[PDB]
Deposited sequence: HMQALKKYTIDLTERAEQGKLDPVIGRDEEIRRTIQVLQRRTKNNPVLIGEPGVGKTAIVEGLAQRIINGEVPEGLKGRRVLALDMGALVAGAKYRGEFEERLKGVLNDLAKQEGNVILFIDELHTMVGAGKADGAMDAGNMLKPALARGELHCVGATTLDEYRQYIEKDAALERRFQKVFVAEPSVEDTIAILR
């Protein structure tokens, strides 16, 4: 069971449990905000907004680390953070139809783990119009069968999410600015 999740997602909370995630520096406020949005009853899917290379994915890894560390509110305790693996979804698929079938499987598995998994979808706009899985994502989001964190640029969010109420009512912008040079080089060992 949950074959789609094992095949097409990367368990970031597991990577944290294994000590494989780099410490995340200078993002206390963005991680806290991401958590606050996720905890909402409605419009509870945060979308990290920023230019490429600003480190949005690191914020998601930071969220995973905090959960493992228990540095999160009570209801988020024991939650799993899974990143949609686009490379894996496309590997050996060849056709859009096969890709869609695999994505559908992922959503089905998530509908069974409602409230236990947070899915991270990088470059979210590419899944809703920028290969449009909007039809399956919209009801999943509305029914709480999909609780996720997305990442895009402001212009991409405006063009593909903000103009579509079925999507916009479910997402919340969380801005991410470029990190300081100091914090960027701090990751080196």
Worksheet entry | Deposited sequence positions missing from the model - stretches, numbered from 1, in order | 131-136
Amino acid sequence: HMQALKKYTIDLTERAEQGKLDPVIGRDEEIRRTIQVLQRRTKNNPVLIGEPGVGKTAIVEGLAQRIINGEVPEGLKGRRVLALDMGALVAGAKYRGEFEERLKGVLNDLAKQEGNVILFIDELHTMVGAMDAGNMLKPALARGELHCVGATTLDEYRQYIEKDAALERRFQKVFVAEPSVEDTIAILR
From here on, numbers count along this sequence of modelled residues.
Fill in: Higher-B stretch (mean Cα B-factor, as the entry records it), 140-148 or 62-70
62-70
Worksheet item: Per the PDB record, is the mean Cα temperature factor higher over 166-174 or over 15-23?
Response: 15-23
Worksheet, complete the sentence: Comparing C-alpha B-factors across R102, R80, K112, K94 in this entry, the winner is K112
Fill in: Residue with highest C-alpha B-factor in the PDB entry, from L38, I49, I31, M131
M131
Item to complete: Would you mind checking where the Cα B-factor of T153 ranks among the modelled residues of its chain, as the lowest, middle or highest third?
Response: lowest
Worksheet item: Looking at the C-alpha B-factor of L107, is it in the lowest, middle or highest third of its chain?
Response: middle
Response to the item:
Split the chain's modelled residues into thirds by Cα B-factor; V117 lands in the middle
Discussion item. What third of the chain does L5 rank in for C-alpha temperature factor, lowest, middle or highest?
Written reply: middle
Worksheet item: Hey, what third does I161 fall into on Cα B-factor, ranked over its chain?
Response: middle
